[PDB]
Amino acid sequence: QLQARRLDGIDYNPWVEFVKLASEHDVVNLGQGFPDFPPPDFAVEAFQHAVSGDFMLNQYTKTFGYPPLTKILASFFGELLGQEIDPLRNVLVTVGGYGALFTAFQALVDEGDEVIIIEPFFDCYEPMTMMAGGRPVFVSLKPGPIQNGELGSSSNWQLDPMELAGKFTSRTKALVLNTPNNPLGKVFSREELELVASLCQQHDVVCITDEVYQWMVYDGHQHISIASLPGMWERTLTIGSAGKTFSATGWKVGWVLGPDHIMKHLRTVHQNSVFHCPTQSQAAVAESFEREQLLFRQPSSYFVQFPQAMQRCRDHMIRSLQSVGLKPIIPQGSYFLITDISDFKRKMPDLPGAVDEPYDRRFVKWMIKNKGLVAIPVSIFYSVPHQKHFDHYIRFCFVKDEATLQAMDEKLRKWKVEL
């Protein structure tokens, strides 16, 4: 073959097809995992300032990050983590959370290593492990049993201590923790994080912790960073995303925070891949964090206002989707909620599709074509052997304009009353 063997089995991109099918129908697109409204004015203004300020901002900045950005990341997150963070040794600016994840896998995961992944998982964790020669090892959150009185909560999806412990071996290099979780919206508790911490310390494993949804927490639930737990800083890489923080997904700026003895290897990958991140977006992100640090916990702060606003959008969507028999699982965080479609699988078992195509994928195509609503089938966030079991959930994104939620309700009205 022409191509490298590291690419085996990772060429299929579900997202390219998802975008394709939605674009051919008249839809309310609740599949897109980004806002369809503007970022806050201070963020847009920050980028405007960066592209109209010191003309030298048009030229290269420092390899490991624009210094004013690494300074504020170290200060702001050092406070939150209860850790002294050196900007030069403990911070790397990357091309989004995606680039940060990729850099961590390529630095640490080697042929034969195992990587523990928690289902449902942000889908790239599996192919990134594979491309680095690692063997993914899956542990499944166990859905809470639902009574048809009250809706389930993401919090009730359990990480079984015995099942998790049994996944660790001498070959475990890393465990990937995503909290708040996409697609499920689970916000991991202190007790759950202490379990993960205990096993990572026992087995000398690195925890790669994807915290992009840090600020998107609801119902009084608190984001806890595993790197803040005793002894965890020295074995944790913590990842963030400016796009998910400031509702500006197209900025594609992210970072990794961690101890020098691990970070040095990520710096090695960085300097031998992209070398620099763009200068001006970094300046915009630095200015945006400065604004939020100055207004920390205050009523006008984005980190106070925005999750409150999005909690209302969540509640609106939860009520609306029930009108057609979808069963939401209330998320404690993230942009997302999932709905159980088991009643549809029961009443409408035979949908067109390919052999061994999970029901949810077939259902989403049906719903797009017939009802004009887009969701993402949750089976894409499962290992292939588990897709036959976890085939009855779909993911919706509620971080949407009020007009979009109105349009959703119009589709639901038609679904209920027409034909």
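Each form is matched to the other, and the largest set of C-alpha atoms that superpose within 1.5 Å is called the rigid core. From 1 onward, residues are counted along the sequence shown.
Asks: Stretch 390-398 versus stretch 24-32: after rigid core alignment, which one is farther off in C-alpha RMS in 5 other deposited structures of this protein?
Replies: Comparing 390-398 with 24-32, the larger C-alpha deviation in 5 other deposited structures of this protein belongs to 24-32.
Asks: Checking the other compared PDB entries, only those that cover the residues flanking it, does residue 147 lack coordinates in at least one third?
Replies: It is, since residue 147 is left out of at least a third of the other entries that model both flanking stretches.
Asks: Which of the two stretches, 332-340 or 74-82, shows the higher mean Cα temperature factor in the record?
Replies: Between 332-340 and 74-82, it is 74-82.
Asks: Comparing average C-alpha B factors as deposited, tell me which of 357-365 and 41-49 sits higher.
Replies: If you average the C-alpha B-factors of 357-365 and of 41-49, the larger mean comes out for 357-365.
Asks: Can you tell me which of 250, 145, 278, 96 has the maximum CA B-factor listed in the PDB entry?
Replies: The listed residue with the largest C-alpha B-factor is 145.
Asks: Specify which of 384, 375, 378, 56 carries the largest Cα B factor in the deposited PDB entry.
Replies: Top of the list by C-alpha B-factor: 384.
Asks: Among the modelled residues of its chain, does the C-alpha B-factor of residue 136 lie in the lowest, middle or highest third?
Replies: As the PDB entry reports it, the C-alpha B-factor of residue 136 lands in the middle third of its chain.
Asks: Classify residue 265 as lowest, middle or highest third according to the C-alpha B-factor given in the PDB entry, relative to its own chain.
Replies: Answer is lowest: the recorded C-alpha B-factor places it there.
Asks: Split the chain's modelled residues into thirds by Cα B-factor; is residue 16 in the lowest, middle or highest one?
Replies: For residue 16, whose C-alpha B-factor we compare with every modelled residue in the chain, the answer is the highest third.
Asks: Once the chain's modelled residues are ordered by C-alpha B factor and cut into thirds, is residue 166 in the lowest, middle or highest one?
Replies: According to the entry, residue 166 has a C-alpha B-factor in the chain's highest third.
Asks: Looking at the entry's B-factor column for C-alpha atoms only, identify whether residue 397 ranks in the lowest, middle or highest third of its chain.
Replies: For residue 397, whose C-alpha B-factor we compare with every modelled residue in the chain, the answer is the lowest third.
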